[PDB]
Every structure is written in structure tokens, then in C-alpha cells.
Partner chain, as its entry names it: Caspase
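A single chain, nothing else alongside it, follows as C-alpha cells in the form solved without its partner chain.
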């Protein structure tokens, strides 16, 4: 039984804000912070990096989040804060049940 999965309200606040999703959700340093965080494995890194441009690259980063978990989502969330994308992440903070905690 999967526990601590990605919350619907959380995952939605992220993807639903497609108003700025594809527009501000980057994959460069954001993924760097996620892999260094240890949430994105070499396989994860490979897929996103396999894609040629922000097209399927950023889409792949967001596409991973489509079926990851709360833990990874808060990591992807934290990565947004790592690259000055606090606004998008704030839009997702509604679903994130933590306030840094670091």
C-alpha cells in the first residue's frame, strides 16, 4: 500500500497552474538540485536530459512529478526555491503541508 504519495491538491496546484507551469517551470538547475538532493536518480536524470530542449526536457521533469510522491514533490518544490521560482512553488505551497522544516 503506497503511503505518503503525492497529494492531489498538491500535485494539482502545481500542474493546474499550467498558466505558468510550462512558462516558468525550468529543468536545468531545478533538476540539478533534485538529483543532488538524491530524489532524482541517474535514470531520472537520464530521461529528462535525454530530451533535446526545454520542450520535452522541462516537460519530462514535470512529467516525472506526474507520478512521483509527496517527498519528491516537496523536493521539486524546494528546487523551485533554489532557482528563484518561489512564486510558482508558492502556488503549490497550498498542497505542500510543510513550511521549509529545514
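Positions refer to the first chain, counted from 1.
Just so it is clear, the following notes concern the form solved in complex with its partner chain, a form of the same protein that is not shown.
**Student:** Although the partner isn't part of this model, could you tell me whether residue 94 comes within 4.5 Å of its partner chain in the bound PDB entry, counting any heavy atom of the residue?
**Tutor:** No.
**Student:** Going by a heavy atom distance of 4.5 Å, is residue 68 a contact of its partner chain in the bound PDB entry?
**Tutor:** Taking the distances in the bound PDB entry, the answer for residue 68 is no, it never comes within 4.5 Å of its partner chain.
**Student:** Quick one: does residue 82 come within 4.5 Å of its partner chain in the bound PDB entry, counting heavy atoms only?
**Tutor:** Result yes; residue 82 sits at the interface with its partner chain in the bound PDB entry.
**Student:** Answer for residue 86 alone: is it within 4.5 Å of its partner chain in the bound PDB entry, judged on heavy atom distances?
**Tutor:** Yes, residue 86 is a contact residue.
**Student:** Using a 4.5 Å cut-off on heavy atoms, which residues of 30-62 contact its partner chain in the bound PDB entry?
**Tutor:** Residues within 4.5 Å: 32, 33, 35, 36, 42, 45, 49, 54.
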